[PDB]
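Peer 1: What follows is a structure written as structure tokens; I'll ask about it next.
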Amino acid sequence: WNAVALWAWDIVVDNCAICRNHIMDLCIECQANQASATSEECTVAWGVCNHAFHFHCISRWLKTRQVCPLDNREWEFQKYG
Amino acid sequence: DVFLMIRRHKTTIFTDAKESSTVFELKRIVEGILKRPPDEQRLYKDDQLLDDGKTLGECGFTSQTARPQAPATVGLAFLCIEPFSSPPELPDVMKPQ
Amino acid sequence: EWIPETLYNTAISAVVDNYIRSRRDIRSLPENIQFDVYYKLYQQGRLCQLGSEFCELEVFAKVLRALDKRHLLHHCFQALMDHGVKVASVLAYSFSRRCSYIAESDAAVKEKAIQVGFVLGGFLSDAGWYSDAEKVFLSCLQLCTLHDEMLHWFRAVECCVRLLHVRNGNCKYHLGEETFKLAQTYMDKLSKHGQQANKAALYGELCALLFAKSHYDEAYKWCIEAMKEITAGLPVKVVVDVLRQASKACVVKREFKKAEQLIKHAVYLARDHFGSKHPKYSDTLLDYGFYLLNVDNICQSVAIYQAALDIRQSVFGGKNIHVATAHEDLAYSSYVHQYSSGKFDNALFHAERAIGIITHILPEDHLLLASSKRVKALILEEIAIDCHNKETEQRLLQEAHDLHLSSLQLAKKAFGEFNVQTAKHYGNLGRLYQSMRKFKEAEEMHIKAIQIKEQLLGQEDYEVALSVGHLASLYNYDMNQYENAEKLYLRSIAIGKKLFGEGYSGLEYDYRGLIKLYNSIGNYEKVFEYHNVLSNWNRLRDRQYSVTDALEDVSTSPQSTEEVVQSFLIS
Amino acid sequence: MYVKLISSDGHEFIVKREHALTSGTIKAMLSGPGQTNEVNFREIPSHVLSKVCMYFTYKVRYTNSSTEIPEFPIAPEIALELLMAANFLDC
Amino acid sequence: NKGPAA
Amino acid sequence: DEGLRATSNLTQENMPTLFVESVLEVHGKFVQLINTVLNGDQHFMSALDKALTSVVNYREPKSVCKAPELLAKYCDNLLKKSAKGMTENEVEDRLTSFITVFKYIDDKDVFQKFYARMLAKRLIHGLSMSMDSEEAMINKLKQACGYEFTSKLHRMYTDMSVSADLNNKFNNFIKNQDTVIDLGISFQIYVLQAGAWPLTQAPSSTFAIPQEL
Ligand SMILES: [Zn+2]
Ligand SMILES: [Zn+2]
Ligand SMILES: [Zn+2]
Ligand SMILES: [Zn+2]
């Protein structure tokens, strides 16, 4: 039985809270430098606040502030892709 | 769709009909309440009798004047339309006293 | 010498102290009396009682007719918006609510609503609350398209010219095109029925919308179209608005001679009718200082923005969007003026205020933040370079790196990938990545900034020359392939002297680049020559740089209203 | 199938049954020994009831409307008395 | 030198 | 004026193929005219490019332009394997000239929506001229138009390339569990990204497959 498949991440808000772009698409960091040589590792990461953010975006946020952008709670990763 | 009300003495029928709906068939709806023959009753918009052959859209009861917010009015006879009431007037406040 | 208080002013304070008992009967006072009662409430600091009656449209209708003391209403209106209560939002909603109630009513009552709508909508447009002025104008536009009469299309075109103005400042450019197309429907209908409506202000608004979207070829085309239909019978506010936004299109078209004759007359005409402390006058200075910013009039470009901000600050209270845009230009003007000195003390404070004002009143995804956060990020970049502590440098560069991409994403959504502003951020990122030691990413950003900005602007443009200099400054230091920068630097000086002459600020970092390029390979027959070029550079611009501002430069204008219009049009 | 409505002045407001399901108080008139069903609505005058049953036609047609719903105009003079019926009828 | 024009 | 006359006898049965060939004939002859008797003046070439922009981007009064849809259909009408009358070597030469008529499209954004949807129906059915032609198609678009123009269109390809590996990994998975698991039928899958493929539409209706799947 042939069948199509459509996949999306477990996030529901459907938007990154830092890059503001669509969560299915690349982050603003990876949509400027290389959209083909870097898109294969542009994953996302969840957290204890259940807020899946672009991995590049969340790491870039954690470079200075170690608090979740949506709600001011300490940001701890819980699952990756 | 066309919304309108009819008043004979104190009644008010909030019925709906298509923009191309005629006059003859809506009298059956009126017959369901007043229990009166459709040929005996006659309706009167702006002091003017409406023919049965012409539709609701051919007499001026179009959608923009028959909105579901402020529909057009039309009388009824077999005119003795009673006004609803006088609302309590509000002072303009901005007007000097 | 103790002049006794006027009985007019003395009686004002006599009823303000008894405001609560006589609150109802103050609204029955004449308009000249009524305004001074309210202005005294602000002066006493009783903003709550002041805001207790401006929230009504009818009360604010009488107050809006004090045309002489409009400059005091703006200062009180902004005070309420910093006080709390959203008097801009409730007035717009209340007007829009009552506007729909007279759709089936007569045109006699209806025509009063458009008159109320234009004075209120124009005031909120002046006060900067574009998000609330749009809801006012959309309501009065609806009335003009209900009963088909020759006067109704005469004011429906008057809504769309101002609807397109409250959407240019609100960064709703996507809906701006639809309003212009909707404008042409009534404009052409009026033209068919024996009335050629004046297409001067309406065509003048595209001189800013297309300018904002970097459609310089299309904006300059509409710059010519808007300038043709000007008429001496037009209102002075309408006339000066055309000249300001027509002059801006000429600056980006790399034309300087015809731009200054337009904008200087715009400054002169605005100062004459309105004055030196009017919001429309300050709106001209920001557009006028845009000319001085690009013609390397850097010394007075900061002053003209500083003068422009002080006009708005004296009239537009505290947290107002117009003050932030005035803060925005002054923040960037000090950024390029203090580049060599590094004194970005007031530059960041103006930039910090620019972020502070906008975030309170505009949504977080509004495009004006992208313009505002870009300059503050440029402030943070040069600050980290100047600071001695490396721990401070690594944090502030990342903070600037946060702002650029957040700004770039907003530009990408609203302007598309192939636009100057998106390529403008690419040039910033390339310079930023040089400080971030991401040289390979810097090379990628610079080639993006030069293959896109040059692609649509052309081979000869001011900003394209700077984008070459960013990548030319790259190969000199990090990549160390001086052969690549030899051709790149030669392009930077080439375009620099076409319009700016030898004494240009960016060319100093360009002539020094050639010597630094030549110093690596041991070349010295040009280093001695280019050292004499710097000596020529160090003197010739400073020979003609003596202190001279721009308010007395324009002075009285020998040029009249028609003397400027025809001169620009024929040439 | 048809629900009547009398007023203070005796005005008749006979309307369609399912247009009155929005307000649960009208269903209380039909419920109980009330089950056209005779109803007494004396305390609320006719002119304000001319807008109460008017809202019913606006309510039922726009239930899950694809287009944006225009606001229902409520005159400022009748604003005070109509809001009385809104709480009384839970509409 | 300093930066791009806004 | 000559361009509009070329796209005048609009044969409804073969609208897209005749459209691109007519413009190619005008462009392919006038590129010689500017070069065989005139010098290669950029002023004249700019006029030709400006003029061919006008004829291709022709809007009927109170109507949308016909250019984006026909160019989307032309690529589909040739990359489809039904027309077995030409080879991939002829495809590359034919579609290289398709770039020239593509550069005159004012609204290239709406062409992407029309092409991606047309590619979506074509690609998931397993019918195409060849897979490398699809790779070459998006390769030429990404360099002629822009890097991020074919962002979702690049992900239209490189999805069934990893589906074969995913199917083999699924075939590896089905043969490495502790028990014996059989699906009862030959199962073939290919997974799609939500933000790239236009396959969302409006799935307002649910579904419940019976026990056979
Ligand atoms: Zn992100
Ligand atoms: Zn990324
Ligand atoms: Zn969170
Ligand atoms: Zn207060």
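In the structure tokens, the first chain shown is A, the next is B, and so on; residue numbers restart at 1 for each chain, and ligands run from 1 in the order shown.
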Which residues, written as a PDB file with N, CA, C and O atoms, in the first residue's frame, have at least one atom at most 8 Å from segment 71-83 of chain B, with only C-alpha atoms counted and residues fewer than 5 positions away on the same chain left out?
Peer 2:
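The resulting part-v7.pdb:
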ATOM      1  N   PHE B   3     -34.792  40.165   4.847  1.00  0.00           N
ATOM      2  CA  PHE B   3     -35.490  40.186   6.124  1.00  0.00           C
ATOM      3  C   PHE B   3     -36.354  41.437   6.207  1.00  0.00           C
ATOM      4  O   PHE B   3     -35.934  42.519   5.787  1.00  0.00           O
ATOM      5  N   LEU B   4     -37.564  41.284   6.738  1.00  0.00           N
ATOM      6  CA  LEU B   4     -38.488  42.403   6.867  1.00  0.00           C
ATOM      7  C   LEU B   4     -39.538  42.050   7.910  1.00  0.00           C
ATOM      8  O   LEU B   4     -39.677  40.894   8.314  1.00  0.00           O
ATOM      9  N   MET B   5     -40.278  43.069   8.342  1.00  0.00           N
ATOM     10  CA  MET B   5     -41.366  42.888   9.291  1.00  0.00           C
ATOM     11  C   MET B   5     -42.646  43.484   8.725  1.00  0.00           C
ATOM     12  O   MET B   5     -42.617  44.427   7.929  1.00  0.00           O
ATOM     13  N   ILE B   6     -43.774  42.908   9.134  1.00  0.00           N
ATOM     14  CA  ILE B   6     -45.096  43.382   8.747  1.00  0.00           C
ATOM     15  C   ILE B   6     -45.900  43.650  10.011  1.00  0.00           C
ATOM     16  O   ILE B   6     -45.828  42.887  10.981  1.00  0.00           O
ATOM     17  N   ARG B   7     -46.630  44.762  10.017  1.00  0.00           N
ATOM     18  CA  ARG B   7     -47.479  45.127  11.143  1.00  0.00           C
ATOM     19  C   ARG B   7     -48.867  45.462  10.623  1.00  0.00           C
ATOM     20  O   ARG B   7     -49.016  46.337   9.765  1.00  0.00           O
ATOM     21  N   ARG B   8     -49.879  44.765  11.139  1.00  0.00           N
ATOM     22  CA  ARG B   8     -51.264  45.090  10.817  1.00  0.00           C
ATOM     23  C   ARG B   8     -51.849  46.043  11.857  1.00  0.00           C
ATOM     24  O   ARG B   8     -52.284  47.149  11.521  1.00  0.00           O
ATOM     25  N   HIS B   9     -51.867  45.621  13.121  1.00  0.00           N
ATOM     26  CA  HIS B   9     -52.212  46.500  14.234  1.00  0.00           C
ATOM     27  C   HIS B   9     -51.102  46.542  15.274  1.00  0.00           C
ATOM     28  O   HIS B   9     -50.579  47.621  15.571  1.00  0.00           O
ATOM     29  N   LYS B  10     -50.724  45.393  15.836  1.00  0.00           N
ATOM     30  CA  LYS B  10     -49.626  45.325  16.788  1.00  0.00           C
ATOM     31  C   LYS B  10     -48.693  44.148  16.541  1.00  0.00           C
ATOM     32  O   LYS B  10     -47.712  43.999  17.277  1.00  0.00           O
ATOM     33  N   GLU B  40     -57.229  38.072   0.848  1.00  0.00           N
ATOM     34  CA  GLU B  40     -57.852  39.132   1.633  1.00  0.00           C
ATOM     35  C   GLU B  40     -56.816  40.130   2.140  1.00  0.00           C
ATOM     36  O   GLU B  40     -57.039  41.345   2.085  1.00  0.00           O
ATOM     37  N   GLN B  41     -55.679  39.641   2.628  1.00  0.00           N
ATOM     38  CA  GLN B  41     -54.651  40.527   3.156  1.00  0.00           C
ATOM     39  C   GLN B  41     -53.913  41.231   2.024  1.00  0.00           C
ATOM     40  O   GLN B  41     -53.646  40.642   0.972  1.00  0.00           O
ATOM     41  N   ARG B  42     -53.585  42.500   2.245  1.00  0.00           N
ATOM     42  CA  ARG B  42     -52.781  43.276   1.314  1.00  0.00           C
ATOM     43  C   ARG B  42     -51.698  44.016   2.086  1.00  0.00           C
ATOM     44  O   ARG B  42     -51.934  44.505   3.195  1.00  0.00           O
ATOM     45  N   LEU B  43     -50.505  44.080   1.503  1.00  0.00           N
ATOM     46  CA  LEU B  43     -49.358  44.722   2.127  1.00  0.00           C
ATOM     47  C   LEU B  43     -49.082  46.061   1.454  1.00  0.00           C
ATOM     48  O   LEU B  43     -49.402  46.263   0.280  1.00  0.00           O
ATOM     49  N   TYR B  44     -48.485  46.978   2.215  1.00  0.00           N
ATOM     50  CA  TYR B  44     -48.295  48.355   1.768  1.00  0.00           C
ATOM     51  C   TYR B  44     -46.940  48.859   2.243  1.00  0.00           C
ATOM     52  O   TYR B  44     -46.780  49.184   3.424  1.00  0.00           O
ATOM     53  N   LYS B  45     -45.972  48.932   1.334  1.00  0.00           N
ATOM     54  CA  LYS B  45     -44.748  49.676   1.586  1.00  0.00           C
ATOM     55  C   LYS B  45     -44.959  51.114   1.136  1.00  0.00           C
ATOM     56  O   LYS B  45     -45.709  51.363   0.187  1.00  0.00           O
ATOM     57  N   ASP B  46     -44.369  52.052   1.888  1.00  0.00           N
ATOM     58  CA  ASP B  46     -44.347  53.501   1.656  1.00  0.00           C
ATOM     59  C   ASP B  46     -45.624  54.036   1.008  1.00  0.00           C
ATOM     60  O   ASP B  46     -45.570  54.842   0.073  1.00  0.00           O
ATOM     61  N   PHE B  61     -37.061  45.887  -1.987  1.00  0.00           N
ATOM     62  CA  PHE B  61     -36.600  45.222  -0.767  1.00  0.00           C
ATOM     63  C   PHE B  61     -35.341  44.400  -1.049  1.00  0.00           C
ATOM     64  O   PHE B  61     -35.318  43.174  -0.955  1.00  0.00           O
ATOM     65  N   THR B  65     -30.954  47.210   1.983  1.00  0.00           N
ATOM     66  CA  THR B  65     -32.005  47.839   2.770  1.00  0.00           C
ATOM     67  C   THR B  65     -32.761  46.851   3.646  1.00  0.00           C
ATOM     68  O   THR B  65     -33.582  47.275   4.466  1.00  0.00           O
ATOM     69  N   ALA B  66     -32.505  45.553   3.495  1.00  0.00           N
ATOM     70  CA  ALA B  66     -33.154  44.537   4.313  1.00  0.00           C
ATOM     71  C   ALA B  66     -32.111  43.726   5.066  1.00  0.00           C
ATOM     72  O   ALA B  66     -32.171  42.493   5.093  1.00  0.00           O
TER      73      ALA B  66
END
Peer 1: Excluding residue 54 of chain D and its own-chain neighbours fewer than 3 positions away, which residues fall within 10 Å of it when counting only C-alpha atoms? Please give them as a list in words.
Peer 2: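 In the requested form, the answer reads residues 5, 14, 68, 69, 70 and 71 of chain B; 13, 15, 19, 48, 49, 50, 51, 57, 58, 59 and 72 of chain D.
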Peer 1: Mind listing the residues within 12 Å of ligand 3, only C-alpha atoms and all ligand atoms counted, as an NGL selection string?
Peer 2: :A and (13 or 16-18 or 45-53 or 58 or 66-77)
Peer 1: Go ahead and dump the residues you just picked, N, CA, C and O atoms, as an mmCIF file, in the first residue's frame.
Peer 2:
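Produced file again-v3.cif, reproduced below:
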data_model
loop_
_atom_site.group_PDB
_atom_site.id
_atom_site.type_symbol
_atom_site.label_atom_id
_atom_site.label_comp_id
_atom_site.auth_asym_id
_atom_site.auth_seq_id
_atom_site.Cartn_x
_atom_site.Cartn_y
_atom_site.Cartn_z
ATOM 1 N N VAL A 13 2.377 26.044 18.911
ATOM 2 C CA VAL A 13 2.334 27.476 18.628
ATOM 3 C C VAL A 13 2.847 27.802 17.231
ATOM 4 O O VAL A 13 2.581 28.899 16.723
ATOM 5 N N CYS A 16 8.747 30.093 16.188
ATOM 6 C CA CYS A 16 9.865 30.329 17.090
ATOM 7 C C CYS A 16 9.687 31.673 17.783
ATOM 8 O O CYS A 16 9.240 32.648 17.173
ATOM 9 N N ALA A 17 10.032 31.726 19.066
ATOM 10 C CA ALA A 17 9.830 32.935 19.850
ATOM 11 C C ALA A 17 11.007 33.898 19.790
ATOM 12 O O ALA A 17 10.927 34.983 20.374
ATOM 13 N N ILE A 18 12.089 33.536 19.105
ATOM 14 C CA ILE A 18 13.259 34.397 18.957
ATOM 15 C C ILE A 18 13.390 34.899 17.524
ATOM 16 O O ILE A 18 13.383 36.106 17.276
ATOM 17 N N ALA A 45 14.648 22.311 19.516
ATOM 18 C CA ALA A 45 14.780 21.732 20.844
ATOM 19 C C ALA A 45 13.625 22.194 21.716
ATOM 20 O O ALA A 45 13.213 23.356 21.652
ATOM 21 N N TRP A 46 13.107 21.279 22.531
ATOM 22 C CA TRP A 46 12.036 21.586 23.463
ATOM 23 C C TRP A 46 12.633 22.060 24.787
ATOM 24 O O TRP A 46 13.837 22.305 24.900
ATOM 25 N N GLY A 47 11.791 22.186 25.809
ATOM 26 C CA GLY A 47 12.255 22.598 27.119
ATOM 27 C C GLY A 47 11.207 22.313 28.172
ATOM 28 O O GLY A 47 10.095 21.872 27.873
ATOM 29 N N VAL A 48 11.578 22.588 29.426
ATOM 30 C CA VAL A 48 10.688 22.334 30.555
ATOM 31 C C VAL A 48 9.431 23.189 30.490
ATOM 32 O O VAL A 48 8.421 22.852 31.115
ATOM 33 N N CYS A 49 9.466 24.294 29.749
ATOM 34 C CA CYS A 49 8.295 25.126 29.523
ATOM 35 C C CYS A 49 7.495 24.690 28.301
ATOM 36 O O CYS A 49 6.541 25.381 27.926
ATOM 37 N N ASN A 50 7.869 23.565 27.681
ATOM 38 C CA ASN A 50 7.165 22.999 26.526
ATOM 39 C C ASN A 50 7.089 24.001 25.375
ATOM 40 O O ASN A 50 6.037 24.211 24.768
ATOM 41 N N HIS A 51 8.227 24.623 25.075
ATOM 42 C CA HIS A 51 8.314 25.668 24.056
ATOM 43 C C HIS A 51 9.433 25.294 23.088
ATOM 44 O O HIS A 51 10.600 25.620 23.323
ATOM 45 N N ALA A 52 9.075 24.614 22.001
ATOM 46 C CA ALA A 52 10.065 24.156 21.034
ATOM 47 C C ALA A 52 10.593 25.335 20.229
ATOM 48 O O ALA A 52 9.839 25.989 19.502
ATOM 49 N N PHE A 53 11.887 25.598 20.358
ATOM 50 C CA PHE A 53 12.540 26.715 19.696
ATOM 51 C C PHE A 53 13.592 26.183 18.733
ATOM 52 O O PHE A 53 14.113 25.077 18.906
ATOM 53 N N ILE A 58 17.722 29.086 19.979
ATOM 54 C CA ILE A 58 17.765 28.930 21.430
ATOM 55 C C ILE A 58 19.204 28.967 21.936
ATOM 56 O O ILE A 58 19.480 29.523 23.004
ATOM 57 N N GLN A 66 20.195 33.113 29.958
ATOM 58 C CA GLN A 66 19.876 31.707 30.191
ATOM 59 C C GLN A 66 18.451 31.525 30.697
ATOM 60 O O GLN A 66 18.171 30.641 31.512
ATOM 61 N N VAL A 67 17.525 32.350 30.214
ATOM 62 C CA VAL A 67 16.131 32.298 30.625
ATOM 63 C C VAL A 67 15.266 32.173 29.376
ATOM 64 O O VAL A 67 15.620 32.670 28.302
ATOM 65 N N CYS A 68 14.143 31.474 29.514
ATOM 66 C CA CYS A 68 13.267 31.228 28.373
ATOM 67 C C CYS A 68 12.632 32.532 27.901
ATOM 68 O O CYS A 68 12.099 33.290 28.722
ATOM 69 N N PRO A 69 12.684 32.839 26.600
ATOM 70 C CA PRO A 69 12.129 34.116 26.116
ATOM 71 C C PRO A 69 10.637 34.289 26.356
ATOM 72 O O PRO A 69 10.196 35.416 26.611
ATOM 73 N N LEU A 70 9.845 33.218 26.276
ATOM 74 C CA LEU A 70 8.397 33.362 26.413
ATOM 75 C C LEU A 70 8.008 33.679 27.853
ATOM 76 O O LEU A 70 7.404 34.721 28.133
ATOM 77 N N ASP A 71 8.339 32.786 28.781
ATOM 78 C CA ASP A 71 8.105 33.004 30.200
ATOM 79 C C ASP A 71 9.435 32.974 30.936
ATOM 80 O O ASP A 71 10.299 32.142 30.644
ATOM 81 N N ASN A 72 9.600 33.888 31.892
ATOM 82 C CA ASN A 72 10.883 34.054 32.572
ATOM 83 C C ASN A 72 11.070 32.907 33.562
ATOM 84 O O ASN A 72 10.847 33.027 34.770
ATOM 85 N N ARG A 73 11.492 31.769 33.019
ATOM 86 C CA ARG A 73 11.797 30.572 33.787
ATOM 87 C C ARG A 73 13.137 30.034 33.302
ATOM 88 O O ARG A 73 13.486 30.188 32.128
ATOM 89 N N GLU A 74 13.897 29.432 34.218
ATOM 90 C CA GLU A 74 15.178 28.843 33.853
ATOM 91 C C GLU A 74 14.988 27.783 32.776
ATOM 92 O O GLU A 74 14.123 26.908 32.887
ATOM 93 N N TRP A 75 15.803 27.868 31.729
ATOM 94 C CA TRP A 75 15.609 27.082 30.516
ATOM 95 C C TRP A 75 16.433 25.803 30.605
ATOM 96 O O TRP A 75 17.667 25.850 30.616
ATOM 97 N N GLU A 76 15.750 24.663 30.663
ATOM 98 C CA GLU A 76 16.386 23.352 30.671
ATOM 99 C C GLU A 76 15.844 22.526 29.515
ATOM 100 O O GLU A 76 14.628 22.346 29.393
ATOM 101 N N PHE A 77 16.746 22.036 28.669
ATOM 102 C CA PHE A 77 16.354 21.181 27.556
ATOM 103 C C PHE A 77 15.770 19.872 28.073
ATOM 104 O O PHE A 77 16.236 19.319 29.073
#
Peer 1: Just how far from atom CA of residue 48 of chain B is atom CA of residue 17 of chain B, in Å to one decimal?
Peer 2: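 It comes out at 20.3 Å.
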Peer 1: Show me a table, sorted first by chain and then by increasing residue number, of the residues of chain C having an atom at most 8 Å from chain B, each with its shortest atom pair and the distance in Å to one decimal, counting only C-alpha atoms and written as a Markdown table.
Peer 2:
| residue | atom | partner | partner_atom | distance |
| --- | --- | --- | --- | --- |
| C:24 | CA | B:93 | CA | 7.3 |
| C:25 | CA | B:96 | CA | 7.2 |
| C:27 | CA | B:94 | CA | 5.7 |
| C:28 | CA | B:96 | CA | 4.7 |
| C:29 | CA | B:96 | CA | 8.0 |
| C:58 | CA | B:94 | CA | 7.5 |
| C:59 | CA | B:94 | CA | 7.5 |
Peer 1: Grab the residues selected above and save them as a PDB file, in the first residue's frame with C-alpha atoms.
Peer 2:
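Wrote out-v4.pdb, looks like this:
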ATOM      1  CA  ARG C  24     -21.430  69.261  33.894  1.00  0.00           C
ATOM      2  CA  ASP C  25     -21.741  72.970  33.091  1.00  0.00           C
ATOM      3  CA  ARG C  27     -19.069  71.539  28.744  1.00  0.00           C
ATOM      4  CA  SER C  28     -21.568  74.351  28.056  1.00  0.00           C
ATOM      5  CA  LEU C  29     -18.766  76.944  27.956  1.00  0.00           C
ATOM      6  CA  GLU C  58     -18.235  65.136  21.496  1.00  0.00           C
ATOM      7  CA  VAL C  59     -16.075  66.846  24.127  1.00  0.00           C
TER       8      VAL C  59
END
Peer 1: Please check which protein, DNA or RNA residues sit within 7 Å of ligand 2, counting only C-alpha atoms and all ligand atoms, and write them as a ChimeraX atom specification.
Peer 2: /A:26-30,39,42-43,54-57
Peer 1: Kindly give the distance, in Å, that separates atom CA of residue 5 of chain F and atom CA of residue 53 of chain F, rounded to a single decimal.
Peer 2: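 So the answer is 14.8 Å.
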Peer 1: Any residue with an atom at most 10 Å from ligand 4 counts, using only C-alpha atoms and all ligand atoms. Which are they? Put them as a list in words.
Peer 2: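 Residues satisfying the distance criterion: residues 46, 47, 48, 49, 50, 51, 52, 80, 83, 84 and 85 of chain C.
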Peer 1: Write to file, as a compact mmCIF listing (two decimals), in the first residue's frame, the residues of the selection just made, with N, CA, C and O atoms.
Peer 2:
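Here's the written file selection_3.txt:
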# COMPACT_ATOMS: atom_id res chain seq x y z
N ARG C 46 -3.82 67.51 37.12
CA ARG C 46 -5.05 66.73 37.28
C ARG C 46 -5.40 66.06 35.95
O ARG C 46 -6.43 66.33 35.32
N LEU C 47 -4.51 65.16 35.52
CA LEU C 47 -4.72 64.45 34.27
C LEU C 47 -5.93 63.54 34.33
O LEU C 47 -6.57 63.30 33.30
N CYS C 48 -6.26 63.01 35.51
CA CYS C 48 -7.40 62.12 35.63
C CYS C 48 -8.71 62.86 35.35
O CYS C 48 -9.60 62.32 34.67
N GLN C 49 -8.84 64.08 35.85
CA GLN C 49 -9.99 64.90 35.48
C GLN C 49 -9.88 65.36 34.03
O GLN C 49 -10.91 65.50 33.35
N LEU C 50 -8.66 65.61 33.55
CA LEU C 50 -8.47 65.94 32.14
C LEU C 50 -8.87 64.77 31.25
O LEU C 50 -9.58 64.94 30.25
N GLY C 51 -8.44 63.56 31.61
CA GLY C 51 -8.84 62.38 30.88
C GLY C 51 -10.26 61.94 31.15
O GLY C 51 -10.76 61.05 30.45
N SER C 52 -10.92 62.53 32.15
CA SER C 52 -12.30 62.19 32.45
C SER C 52 -13.28 62.71 31.41
O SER C 52 -14.45 62.30 31.43
N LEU C 80 -1.70 62.33 28.39
CA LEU C 80 -2.68 61.31 28.73
C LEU C 80 -2.21 59.92 28.32
O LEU C 80 -2.47 58.94 29.02
N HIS C 83 0.01 58.94 30.84
CA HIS C 83 -0.72 58.87 32.10
C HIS C 83 -1.39 57.53 32.33
O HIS C 83 -1.77 57.23 33.47
N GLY C 84 -1.49 56.68 31.32
CA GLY C 84 -2.43 55.58 31.43
C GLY C 84 -3.41 55.53 30.27
O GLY C 84 -3.04 55.12 29.17
N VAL C 85 -4.65 55.95 30.54
CA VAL C 85 -5.82 55.77 29.67
C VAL C 85 -5.51 56.00 28.20
O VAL C 85 -4.84 56.97 27.82
Peer 1: Extract, using only C-alpha atoms, all DNA, RNA and protein residues at most 8 Å from residue 41 of chain D, discarding same-chain residues fewer than 2 positions from it, and format them as a ChimeraX atom specification.
Peer 2: /D:5-8,39,43-44
Peer 1: Neighbouring residues of residue 79 of chain D were defined as those with any atom within 12 Å, considering only C-alpha atoms; residues of the same chain fewer than 2 positions away were excluded. Please report them as a list in words.
Peer 2: residues 87, 88, 89 and 90 of chain B; 47, 48, 51, 52, 73, 74, 75, 76, 77, 81, 82, 83, 84, 85 and 86 of chain D
